[PDB]
Amino acid sequence: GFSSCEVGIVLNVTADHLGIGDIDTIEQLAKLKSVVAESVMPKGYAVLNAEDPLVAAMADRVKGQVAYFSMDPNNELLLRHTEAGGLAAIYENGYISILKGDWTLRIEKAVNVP
Amino acid sequence: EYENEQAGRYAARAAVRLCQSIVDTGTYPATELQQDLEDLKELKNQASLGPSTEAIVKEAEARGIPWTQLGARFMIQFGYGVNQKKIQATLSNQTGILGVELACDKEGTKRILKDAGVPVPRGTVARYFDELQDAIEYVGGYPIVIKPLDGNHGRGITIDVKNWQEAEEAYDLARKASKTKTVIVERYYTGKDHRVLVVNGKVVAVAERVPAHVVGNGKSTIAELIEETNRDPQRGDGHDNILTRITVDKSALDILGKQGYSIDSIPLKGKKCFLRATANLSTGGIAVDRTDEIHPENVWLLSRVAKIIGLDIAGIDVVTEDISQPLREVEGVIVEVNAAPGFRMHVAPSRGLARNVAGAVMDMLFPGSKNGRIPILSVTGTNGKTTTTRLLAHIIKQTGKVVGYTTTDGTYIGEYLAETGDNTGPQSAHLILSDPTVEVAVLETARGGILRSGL
Amino acid sequence: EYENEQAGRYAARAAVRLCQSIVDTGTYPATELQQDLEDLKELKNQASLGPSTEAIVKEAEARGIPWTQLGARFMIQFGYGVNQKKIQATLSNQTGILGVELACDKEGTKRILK
Amino acid sequence: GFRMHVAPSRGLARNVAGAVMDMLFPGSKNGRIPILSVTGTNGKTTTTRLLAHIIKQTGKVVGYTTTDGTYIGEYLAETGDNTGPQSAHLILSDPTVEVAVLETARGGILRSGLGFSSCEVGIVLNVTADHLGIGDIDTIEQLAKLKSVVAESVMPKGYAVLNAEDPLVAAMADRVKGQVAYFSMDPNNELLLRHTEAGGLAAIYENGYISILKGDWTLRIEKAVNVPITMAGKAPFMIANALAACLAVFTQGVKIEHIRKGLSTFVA
Ligand SMILES: Nc1ncnc2c1ncn2[C@@H]1O[C@H](COP(=O)(O)OP(=O)(O)OP(O)(O)=S)[C@@H](O)[C@H]1O
Ligand SMILES: Nc1ncnc2c1ncn2[C@@H]1O[C@H](COP(=O)(O)OP(=O)(O)OP(O)(O)=S)[C@@H](O)[C@H]1O
Ligand SMILES: Nc1ncnc2c1ncn2[C@@H]1O[C@H](COP(=O)(O)OP(=O)(O)OP(O)(O)=S)[C@@H](O)[C@H]1O
Ligand SMILES: [Mg+2]
Ligand SMILES: [Mg+2]
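Residue numbers (PDB author numbering), protein chains in the order written: chain A, 570 to 683; chain B, 115 to 569; chain C, 115 to 228; chain D, 456 to 723.
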């Protein structure tokens, strides 16, 4: 519905309903969902799930910065991404934390959020 | 390539001497090599910035803000022209003289804070012995604290006294140690000492100082742990590391004598046993981060205190039993305010998350996504440098802007000649970029200037 | 009416003593009168602002700007709330520590100016 | 020291202090903030708290002092009585306060006088001879003369909010510098109606409504049954306080929707 988006979030790709239209494979589903990520302006951000191999594979062919989020604090891809640059989000010790490189910014305890 | 100018020049001079010696005799004496290395280390240590200003400069470089070193008083200048700021260590060019002078005055600071309703320790001043007993019922009983009016490094100050004779001897010690013969007595407040850092009226980091101590959880006593801690790589001396080596001094020996145990006395169950009670990092204590555990009302109160005193970067000392509760329910108090604090303990807490203090300082100095840059136009060539420079300056002057430009005739700032001579090298470009009134810079860059000292 | 609080209270206390003495004995000793006047002059000189801050306060009063006297270090506060300023003698609350320290250093000031 | 320039002895004197004051306060401005002083006999504290809550709807930090304590925004700043001039200095010296609301008690005026020179708004609720003989106030005329200090100490561009149903309070209409705004629980008060015909700024309770009269125009605020403090309009003492609180902020340019939102959510 538009040309460029300032922020593009991709949550997950799961083959649950298939056979609709010309989409018959999870690779085609990922290729279709990649439209949002690829249509991000050079100064925008693409937020991606680091725990999904298909979503993380959209890291390439993206104009603009990439920010990973992961429910596992020990994701090797996310940790390697933070070492040179940053902007990740993890759930480390009952906390919702933002990693801006080598700095950790704790938001909330994840039990005070209804 | 060099990192320090003098060190690089010395190494360049020494390399040819070493080569001449080795081609003349076949080897170089080891003593001369050791002398050269120690001289190089001395030059490296001579031209080195402090642990705080270097941390700030690292953030300034990362954000792409130009920085130069002034030659007056170890001051550093960020930015160019009308967009420049200056810092010395933690003091900025906007820190007020009145705020620093008020913070350095303990008794006036306490009165000002009390008039504003901030909880401060209840105390009294005394100059004669007969008055002492009177002050005792004014503060509310025991325990009490005896301190001098003016002192450095804690001269003649007691911590906890609970009877008459110790109070009298502490009073005599303080009176003979104080420069004005007079002594303040406060009520003693129990709790954990906290150090709060306030930048731009916002709390950045909170740390709790745990005094130097050892825990016998490994079925080992003090005698081994004193040196076991000293062998940890985190410990160090100087002004760079938080954790200093555990100094077993005569005063420290007496303090651990007042503990009630011995050197070889094994701790029971593996419980903390302390070596001193001052709760200072110089003694060898540790810091614990508590930034996420602070109550919002305490944050508001400390932000208000920092503005009442009038400091943009401040370090406040708090004595309370728990920082997670407001300072009214618990008998928490504000002990002192420091004008030029060192954030060295907040970037390496050793028992928590590190905070980016330098990022906050840069966010205060340069608020938005901006740097301290001004338009720079550099003209080079072979034939028409001066005429083009003057024409560019005249064209820009039509816009209501102050233009600083350097040519072969001289260095001009606006309409008045600022310096005479050739002035086409990098040494005359610093005069233009450091003026607090220049908005646009026009520079004639000659060939000799590039060859001699670079751009 | 009084101009200085302590001096006014002292004069009020001394007036009744003088009246009692004169109604009891018919006159008042001149030495006591001289003592009272010199004491009043001492109180007047004790609570007096410097020649610079009083000149600034006179202009502040003429412009209708409220002013109070802080109890810390002879500082004067103009205004209320978020619109307040502070002066000591000629130093304001915006005068920088770095500038004053550099000005107090003759040799560094000369190098910077050169 | 610039004092060698103000008396050269061989030339023209220069106004250095004028330059210093022009640097500290650049334009034609002073260091003043809005001050609302509430006085009376019965409803000082409730009116002070309601005024503070109404102003808080605008994005401003309000410092107010009542009998319960001294508050700066949302956090308690000091405990105790705090209704005298000594507690007014804490509010006016805070570097974060933008509006000041002060409950001015009688004992504070008698003991040390008023805590300021001029106030933007002065509210007088009522004068009732209930406690008498304290100090040298032994007549209701002296009590009215004492309470008149707040009304008479209003700057020429300020407002004096007065109760039209009190013959003693309404008598303070004279010897007041600045405009006068009446409030009354009886919509047919002849003095208020005559006041609105030439000018305006009155507040009445006409038909189950809290109304502002700006001359010949009526601006209805609320139905007086949706205001929790009135207890569905059963307590007549609370509506009198609400009228004064709304009229005080209306004269200062506060929007109607802010007044309505503040009045609808205030809890005792
Ligand atoms: N009322 C009190 N209750 C508890 N601890 C207190 C109290 N007063 C002082 N202290 C402690 O004693 C210390 C005294 O502050 P100091 O910083 O030592 O003052 P000082 O004499 O200026 O020494 P320096 O030069 O500033 S390090 C505080 O930091 C607290 O740890
Ligand atoms: N574009 C050009 N091409 C060739 N000659 C030129 C040009 N512009 C100027 N000249 C000649 O060069 C002379 C000197 O040039 P300037 O205007 O002084 O610039 P300049 O290079 O800064 O001078 P210098 O370096 O101090 S000798 C002029 O008087 C002209 O005669
Ligand atoms: N306008 C009013 N007329 C008559 N009585 C009133 C009025 N407003 C309030 N009251 C009554 O007076 C009581 C006390 O008023 P408060 O709200 O405490 O104001 P207050 O005058 O600050 O209180 P004080 O002075 O500390 S006793 C209330 O509980 C009501 O019963
Ligand atoms: Mg030339
Ligand atoms: Mg009350």
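Every residue, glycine too, gets a C-beta built ideally from N, C-alpha and C.
Any Cβ of chain A closer than 7 Å to the Cβ of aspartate 406/B would place that residue at the interface, and such an atom is present.
The region 504–513 of chain B makes no contact with the region 196–216 of chain B: fewer than 3 CB pairs, one atom from each, lie closer than 8 Å. Per the coordinates, the alpha-carbon of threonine 583/A lies some 13 Å from the alpha-carbon of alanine 625/A. A distance below 7 Å separates the beta carbons of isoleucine 509/D and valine 704/D. Burial check for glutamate 175/C: the Cβ neighbour count within 10 Å stays below 16, so the residue is exposed. Against chain A, the CB of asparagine 314/B has no partner CB under 7 Å away; the residue lies outside that interface. The three-state secondary structure of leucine 668/A, taken from DSSP, is strand. One Cα belongs to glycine 473/B, the other to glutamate 529/B, and the distance between them is close to 39 Å. Distances from the CB of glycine 539/B to the heavy atoms of ligand 2 are all 6 Å or more. Neighbours of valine 214/B in chain C, taken as residues at a C-beta separation under 9 Å, are given in chain order as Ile211.
Proximity annotation: ligand 4 has residues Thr500/B and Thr522/B in chain order, each selected because its CB is closer than 5 Å to a heavy atom of the ligand. In this structure, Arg289/B is the residue among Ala543/B, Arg289/B, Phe243/B and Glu283/B with its C-alpha nearest to the C-alpha of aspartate 264/B. In the DSSP secondary-structure assignment, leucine 674/A is bridged to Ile667/A. In this structure, DSSP gives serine 162/B a state outside helix and strand, which the three-state scheme calls coil. For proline 611/A, the enclosing beta strand (DSSP E) covers residues 609–618.
For a Cβ distance threshold of 8 Å, nothing in chain C lies close to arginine 349/B: the least Cβ distance comes to about 34 Å. Taking 6 Å as the cut-off, one finds no heavy atom of ligand 1 near enough to the beta carbon of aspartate 150/B. For chain B, none of the residues of the region 631–662 of chain A brings a beta carbon within less than 8 Å of one of its beta carbons. For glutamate 300/B, the CB falls within less than 6 Å of some heavy atom of ligand 1. Distance between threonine 525/D and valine 722/D, taken at the CA atoms: about 18 Å. Of all C-beta pairs linking the region 685–693 of chain D to the region 553–567 of chain D, fewer than three are shorter than 8 Å, placing the two stretches out of contact.
With a 10 Å radius around the Cβ and a threshold of 16 neighbouring Cβ atoms, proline 440/B comes out buried.
Taking 9 Å as the Cβ-Cβ cut-off, the region 534–564 of chain D approaches chain C at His544, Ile546, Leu547, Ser548, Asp549, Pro550, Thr551, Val552, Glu553, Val554 and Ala555, given in chain order.
Within the same chain, and ignoring the five residues on either side of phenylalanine 388/B in sequence, the residues whose Cβ sits closer than 6 Å to its Cβ are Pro325 and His327. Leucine 506/B and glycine 185/B have their C-alpha atoms roughly 32 Å apart. Annotated as proximal: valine 556/D and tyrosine 519/D, with beta-carbon spacing under 7 Å. The region 531–599 of chain D contains, as complete beta strand (DSSP E) runs of 3+ residues, the segments 554–558 and 574–579 (chain order). In the structure shown, the three-state DSSP call for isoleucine 179/C is coil. Here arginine 301/B is near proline 235/B, since their CB atoms are less than 7 Å apart.
Going by beta carbons, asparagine 207/B and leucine 212/C fall inside the 7 Å limit. Annotation for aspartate 286/B: the continuous alpha helix (DSSP H) segment containing it runs 278–291. Contact check between the region 384–399 of chain B and the region 407–419 of chain B: fewer than three CB pairs, one atom from each, fall below 8 Å, which does not count as touching. Taking C-alpha positions only, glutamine 149/C is separated from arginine 123/C by approximately 16 Å. As a beta-bridge residue in DSSP terms, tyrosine 660/D pairs with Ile665/D. Along the region 472–504 of chain D, going in chain order, the ones with a CB nearer than 7 Å to a CB of chain C are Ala472, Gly473, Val475, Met476, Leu479, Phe480, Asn485, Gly486, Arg487 and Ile488.
Taking 8 Å as the upper bound for CB-CB distance, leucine 545/D and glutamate 553/D are not in contact here, some 15 Å apart.
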